[PDB]
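Undergrad: Supplied in structure tokens, the structure appears directly below.
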Amino acid sequence: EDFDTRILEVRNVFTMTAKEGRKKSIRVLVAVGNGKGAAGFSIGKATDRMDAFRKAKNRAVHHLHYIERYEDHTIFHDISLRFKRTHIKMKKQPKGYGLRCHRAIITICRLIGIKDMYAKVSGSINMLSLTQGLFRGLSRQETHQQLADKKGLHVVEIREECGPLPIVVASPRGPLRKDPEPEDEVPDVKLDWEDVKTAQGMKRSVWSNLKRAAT
Amino acid sequence: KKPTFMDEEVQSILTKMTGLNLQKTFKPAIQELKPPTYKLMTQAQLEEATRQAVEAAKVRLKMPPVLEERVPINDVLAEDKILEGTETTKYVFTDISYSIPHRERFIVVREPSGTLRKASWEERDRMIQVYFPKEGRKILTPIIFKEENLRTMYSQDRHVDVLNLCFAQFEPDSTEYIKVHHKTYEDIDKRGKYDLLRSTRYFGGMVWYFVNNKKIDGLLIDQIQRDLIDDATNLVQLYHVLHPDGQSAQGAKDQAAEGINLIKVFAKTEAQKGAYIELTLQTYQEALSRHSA
């Protein structure tokens with residue numbers, strides 16, 4: 001009863017059979033979630049639409065990923081993934097930013113319990129691939145505690161609204177590492193051209209940052 | 001000489017009394033937020049970052065200087081009686097030269113009576129805001145400073161917000177700034193909300209106001225209740241310093257009143273609520289004997 005069920009795609013699929021000519025069936029992609037991290041998705045094939053809904057939504061709850069949410073409202077870090085031919089770029093956002101994401105991603109994030117995140121989908125926008133890649137990336141994300149345990153250093157949050165106050169959001173479980181870590185002069189990180197263009201203001205898309213209803 | 005507010009000893013005493021609650025000083029602000037950034041820090045790196053935050057907080061808590069009320073400007077540069085009745089509206093000429101300090105600008109008023117005089121303090125501040133707009137200040141006085149709204153803000157326990165608005169809008173030596181600050185201090189003393197101003201730059205001003213008005217009884221009571229005994233002793237010592245002729249200061253001089261005995265002497269002399277101060281100090285002593293041992 002704590003889980004909510006949402007439809008993501010309803011496709012009519014036909015097959016060529018000698019006995020019946022063109023056989024018709026319904027394939028339904030269903031996402032379920034309890035709004036507290038536990039969410040899943042499933043595919044239901046049936047001759048009847050309601051039967052497909054029932055099959056998919058009853059099968060989804062047996063395939064529940066648990067998505068870790070930072071402060072119970074957002075992802076822990078930016079996630080860049082390419083599932084098949086679908087690129088998903090998720091940006092961690094502060095409280096109150098809302099869900100500026102693909103409508104399917106908006107629905108899935110509502111099911112998970114994410115309230116603030118950005119998400120851009122590029123390449124193929126196939127709904128099944130989009131959902132699978134989104135769940136893969138969200139499940140594979142690394143929490144602050146895991147990072148602190150892995151590198152044995154305090155994970156400290158710096159907030160502009162809080163000034164120079166250092167907020168220790170994570171601390172290693174085991175002994176702390178006294179290595180002051182490498183002060184990398186230049187980070188060898190693969191940037192995304194769209195993000196740099198937006199930061200430098202060269203991007204002038206008439207569709208970005210459009211006023212939209214609350215999400 | 002009687003010490004001034006900006007003297008080094010008084011500044012150190014007030015800095016110690018203020019406290020440096022780092023969470024309160026850098027409380028999250030309700031503004032346009034940006035995604036945070038995360039750094040991996042060792043214990044030494046975290047300690048250095050915390051120390052830098054402490055330095056920044058000390059810079060932020062630099063006490064505004066308390067200034068005496070400015071003398072009203074009444075100077076007539078010229079009396080051109082030939083211009084009497086020529087215009088029905090004053091002219092306000094403002095020297096907008098960039099490099100001149102705002103208190104050295106020549107703002108003058110040509111009256112309808114032909115009198116070319118210096119601009120009043122209100123007119124000076126108004127024109128300075130009009131032609132050199134400072135962020136957070138309004139040309140017209142905000143209606144928040146009316147008493148009916150000040151009482152509401154006090155009821156909401158937003159005294160720090162009131163003082164911030166007063167500092168942004170009025171000059172430190174203006175009549176309105178002093179009046180609003182004194183009203184806020186009076187409300188704080190009446191309701192015993194001193195802890196609101198702790199770890200904020202206005203605590204020094206509040207303490208100085210209380211000492212100069214010889215009503216530090218409530219602050220002493222709050223500090224004793226909040227187990228800030230060292231701060232209470234510093235407050236009593238500062239009160240004696242700023243009132244050497246006071247009977248309490250003389251009694252402290254006569255005896256060897258070094259620690260809590262200073263507070264005892266102040267309770268027995270020059271305290272309106274000295275009996276209650278002594279009772280609270282006795283309660284603190286009982287608690288200390290109970291738990292410290």
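If you're wondering about the labels, chains in the structure tokens are A, B, ... by order shown, residues count from 1 in each chain, ligands from 1 in order shown.
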For chain A, report every residue with an atom at most 7 Å from chain B (counting only C-alpha atoms), formatted as a VMD selection string.
TA: chain A and resid 92 to 94 153 to 159 161 to 166 177 to 178 180
Undergrad: Generate the output file for the selected residues, N, CA, C and O atoms, as a PDB file, in the first residue's frame.
TA:
ATOM      1  N   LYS A  92      23.198  16.879  -9.698  1.00  0.00           N
ATOM      2  CA  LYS A  92      22.748  17.117  -8.336  1.00  0.00           C
ATOM      3  C   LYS A  92      22.425  18.592  -8.145  1.00  0.00           C
ATOM      4  O   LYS A  92      23.184  19.470  -8.561  1.00  0.00           O
ATOM      5  N   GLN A  93      21.289  18.864  -7.513  1.00  0.00           N
ATOM      6  CA  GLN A  93      20.816  20.229  -7.368  1.00  0.00           C
ATOM      7  C   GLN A  93      20.392  20.487  -5.931  1.00  0.00           C
ATOM      8  O   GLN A  93      20.020  19.555  -5.212  1.00  0.00           O
ATOM      9  N   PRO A  94      20.446  21.739  -5.484  1.00  0.00           N
ATOM     10  CA  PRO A  94      20.077  22.045  -4.098  1.00  0.00           C
ATOM     11  C   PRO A  94      18.574  21.959  -3.890  1.00  0.00           C
ATOM     12  O   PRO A  94      17.789  21.790  -4.825  1.00  0.00           O
ATOM     13  N   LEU A 153      39.264   9.633   4.053  1.00  0.00           N
ATOM     14  CA  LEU A 153      39.357  11.056   4.333  1.00  0.00           C
ATOM     15  C   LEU A 153      37.974  11.608   4.637  1.00  0.00           C
ATOM     16  O   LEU A 153      36.961  11.078   4.172  1.00  0.00           O
ATOM     17  N   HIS A 154      37.939  12.675   5.431  1.00  0.00           N
ATOM     18  CA  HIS A 154      36.682  13.363   5.685  1.00  0.00           C
ATOM     19  C   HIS A 154      36.133  13.941   4.390  1.00  0.00           C
ATOM     20  O   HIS A 154      36.850  14.611   3.641  1.00  0.00           O
ATOM     21  N   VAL A 155      34.859  13.681   4.126  1.00  0.00           N
ATOM     22  CA  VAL A 155      34.153  14.320   3.022  1.00  0.00           C
ATOM     23  C   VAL A 155      33.441  15.535   3.601  1.00  0.00           C
ATOM     24  O   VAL A 155      32.496  15.398   4.384  1.00  0.00           O
ATOM     25  N   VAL A 156      33.906  16.722   3.216  1.00  0.00           N
ATOM     26  CA  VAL A 156      33.475  17.987   3.793  1.00  0.00           C
ATOM     27  C   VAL A 156      32.719  18.769   2.731  1.00  0.00           C
ATOM     28  O   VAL A 156      33.194  18.912   1.598  1.00  0.00           O
ATOM     29  N   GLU A 157      31.547  19.278   3.097  1.00  0.00           N
ATOM     30  CA  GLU A 157      30.684  20.015   2.185  1.00  0.00           C
ATOM     31  C   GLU A 157      30.917  21.511   2.347  1.00  0.00           C
ATOM     32  O   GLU A 157      30.957  22.020   3.472  1.00  0.00           O
ATOM     33  N   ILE A 158      31.065  22.207   1.225  1.00  0.00           N
ATOM     34  CA  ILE A 158      31.224  23.656   1.201  1.00  0.00           C
ATOM     35  C   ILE A 158      29.988  24.246   0.538  1.00  0.00           C
ATOM     36  O   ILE A 158      29.682  23.926  -0.617  1.00  0.00           O
ATOM     37  N   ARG A 159      29.281  25.106   1.265  1.00  0.00           N
ATOM     38  CA  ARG A 159      28.053  25.722   0.783  1.00  0.00           C
ATOM     39  C   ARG A 159      28.245  27.227   0.694  1.00  0.00           C
ATOM     40  O   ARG A 159      28.780  27.844   1.619  1.00  0.00           O
ATOM     41  N   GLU A 161      25.808  29.456   0.662  1.00  0.00           N
ATOM     42  CA  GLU A 161      24.898  30.099   1.603  1.00  0.00           C
ATOM     43  C   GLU A 161      25.416  30.026   3.033  1.00  0.00           C
ATOM     44  O   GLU A 161      25.058  30.869   3.863  1.00  0.00           O
ATOM     45  N   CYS A 162      26.254  29.038   3.340  1.00  0.00           N
ATOM     46  CA  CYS A 162      26.821  28.878   4.671  1.00  0.00           C
ATOM     47  C   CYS A 162      28.192  29.525   4.802  1.00  0.00           C
ATOM     48  O   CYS A 162      28.838  29.378   5.844  1.00  0.00           O
ATOM     49  N   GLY A 163      28.650  30.232   3.774  1.00  0.00           N
ATOM     50  CA  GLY A 163      29.943  30.870   3.806  1.00  0.00           C
ATOM     51  C   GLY A 163      31.079  29.870   3.828  1.00  0.00           C
ATOM     52  O   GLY A 163      30.992  28.779   3.256  1.00  0.00           O
ATOM     53  N   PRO A 164      32.177  30.228   4.496  1.00  0.00           N
ATOM     54  CA  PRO A 164      33.342  29.341   4.564  1.00  0.00           C
ATOM     55  C   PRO A 164      33.240  28.236   5.602  1.00  0.00           C
ATOM     56  O   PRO A 164      34.248  27.580   5.876  1.00  0.00           O
ATOM     57  N   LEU A 165      32.071  28.020   6.187  1.00  0.00           N
ATOM     58  CA  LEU A 165      31.904  26.987   7.196  1.00  0.00           C
ATOM     59  C   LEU A 165      32.093  25.606   6.579  1.00  0.00           C
ATOM     60  O   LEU A 165      31.377  25.259   5.627  1.00  0.00           O
ATOM     61  N   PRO A 166      33.025  24.796   7.075  1.00  0.00           N
ATOM     62  CA  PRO A 166      33.169  23.434   6.550  1.00  0.00           C
ATOM     63  C   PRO A 166      32.223  22.459   7.232  1.00  0.00           C
ATOM     64  O   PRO A 166      32.244  22.316   8.459  1.00  0.00           O
ATOM     65  N   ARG A 177      43.171   8.667   7.108  1.00  0.00           N
ATOM     66  CA  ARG A 177      44.390   8.710   6.311  1.00  0.00           C
ATOM     67  C   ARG A 177      45.080  10.054   6.506  1.00  0.00           C
ATOM     68  O   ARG A 177      44.489  11.106   6.237  1.00  0.00           O
ATOM     69  N   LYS A 178      46.331  10.020   6.955  1.00  0.00           N
ATOM     70  CA  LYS A 178      47.097  11.234   7.196  1.00  0.00           C
ATOM     71  C   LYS A 178      47.753  11.781   5.937  1.00  0.00           C
ATOM     72  O   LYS A 178      48.390  12.838   5.997  1.00  0.00           O
ATOM     73  N   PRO A 180      47.971  13.997   2.955  1.00  0.00           N
ATOM     74  CA  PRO A 180      47.206  15.216   2.652  1.00  0.00           C
ATOM     75  C   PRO A 180      46.559  15.213   1.276  1.00  0.00           C
ATOM     76  O   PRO A 180      46.020  16.237   0.849  1.00  0.00           O
TER      77      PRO A 180
END
Undergrad: Skip residue 4 in chain A itself and residues of its chain fewer than 3 positions away, then list as a PDB file with N, CA and C atoms, in the first residue's frame all residues within 10 Å of it, counting only C-alpha atoms.
TA:
ATOM      1  N   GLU A   1       0.812  -1.210   0.000  1.00  0.00           N
ATOM      2  CA  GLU A   1       0.000   0.000   0.000  1.00  0.00           C
ATOM      3  C   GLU A   1       0.847   1.263   0.000  1.00  0.00           C
ATOM      4  N   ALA A  31       6.548   1.558 -13.804  1.00  0.00           N
ATOM      5  CA  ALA A  31       7.472   1.897 -12.735  1.00  0.00           C
ATOM      6  C   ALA A  31       6.700   2.017 -11.430  1.00  0.00           C
ATOM      7  N   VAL A  32       7.226   1.396 -10.378  1.00  0.00           N
ATOM      8  CA  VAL A  32       6.636   1.450  -9.050  1.00  0.00           C
ATOM      9  C   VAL A  32       7.670   2.013  -8.086  1.00  0.00           C
ATOM     10  N   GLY A  33       7.179   2.557  -6.976  1.00  0.00           N
ATOM     11  CA  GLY A  33       8.051   3.143  -5.980  1.00  0.00           C
ATOM     12  C   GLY A  33       7.317   3.576  -4.730  1.00  0.00           C
ATOM     13  N   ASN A  34       8.001   3.538  -3.589  1.00  0.00           N
ATOM     14  CA  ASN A  34       7.407   3.899  -2.310  1.00  0.00           C
ATOM     15  C   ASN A  34       7.744   5.320  -1.882  1.00  0.00           C
ATOM     16  N   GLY A  35       8.382   6.100  -2.748  1.00  0.00           N
ATOM     17  CA  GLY A  35       8.752   7.453  -2.390  1.00  0.00           C
ATOM     18  C   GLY A  35       9.823   7.556  -1.331  1.00  0.00           C
ATOM     19  N   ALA A  39      12.489   1.657  -5.558  1.00  0.00           N
ATOM     20  CA  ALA A  39      11.693   1.779  -6.769  1.00  0.00           C
ATOM     21  C   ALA A  39      12.169   0.754  -7.785  1.00  0.00           C
ATOM     22  N   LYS A  57       2.918  -4.447 -12.940  1.00  0.00           N
ATOM     23  CA  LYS A  57       3.011  -3.818 -11.628  1.00  0.00           C
ATOM     24  C   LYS A  57       3.207  -4.845 -10.520  1.00  0.00           C
ATOM     25  N   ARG A 110       9.842  10.970  -8.797  1.00  0.00           N
ATOM     26  CA  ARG A 110       8.762  11.069  -7.822  1.00  0.00           C
ATOM     27  C   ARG A 110       8.524   9.730  -7.144  1.00  0.00           C
ATOM     28  N   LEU A 111       8.573   8.643  -7.914  1.00  0.00           N
ATOM     29  CA  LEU A 111       8.408   7.317  -7.327  1.00  0.00           C
ATOM     30  C   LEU A 111       9.551   6.980  -6.376  1.00  0.00           C
ATOM     31  N   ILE A 112      10.782   7.337  -6.742  1.00  0.00           N
ATOM     32  CA  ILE A 112      11.932   7.050  -5.888  1.00  0.00           C
ATOM     33  C   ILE A 112      11.879   7.890  -4.618  1.00  0.00           C
TER      34      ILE A 112
END
Undergrad: Mind the document's chain letters and residue numbers, and return as JSON, numbers by chain the residues of range 92-196 of chain A that DSSP labels helix (DSSP H, G or I).
TA: {"A": [103, 104, 105, 106, 107, 108, 109, 110, 111, 112, 127, 128, 129, 130, 131, 132, 133, 134, 135, 136, 137, 138, 139, 144, 145, 146, 147, 148, 149, 150, 151, 193, 194, 195, 196]}
Undergrad: Going by DSSP on the backbone, which residues of range 29-202 of chain A come out as strand (DSSP E)? List them as a PyMOL selection string.
TA: chain A and resi 29-33+38-46+64-66+79-83+86-92+99-100+117-123+154-158+166-170
Undergrad: At what distance in Å, to one decimal, does CA of residue 184 in chain B lie from CA of residue 161 in chain B?
TA: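 CA of residue 184 in chain B lies 10.5 Å from CA of residue 161 in chain B.
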Undergrad: Write out as a PDB file with C-alpha atoms, in the first residue's frame which residues come within 8 Å of residue 199 in chain B when counting only C-alpha atoms, dropping same-chain ones fewer than 4 positions away.
TA:
ATOM      1  CA  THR B  18      30.134  37.912  22.442  1.00  0.00           C
ATOM      2  CA  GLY B  19      31.196  34.319  21.866  1.00  0.00           C
ATOM      3  CA  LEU B  20      32.069  32.684  18.566  1.00  0.00           C
ATOM      4  CA  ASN B  21      29.316  30.141  17.953  1.00  0.00           C
ATOM      5  CA  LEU B  22      30.413  29.130  14.470  1.00  0.00           C
ATOM      6  CA  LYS B  24      25.110  30.608  14.452  1.00  0.00           C
ATOM      7  CA  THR B  25      27.558  32.961  12.723  1.00  0.00           C
ATOM      8  CA  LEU B  61      31.548  39.780  13.886  1.00  0.00           C
ATOM      9  CA  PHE B 203      26.215  41.962  21.287  1.00  0.00           C
TER      10      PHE B 203
END
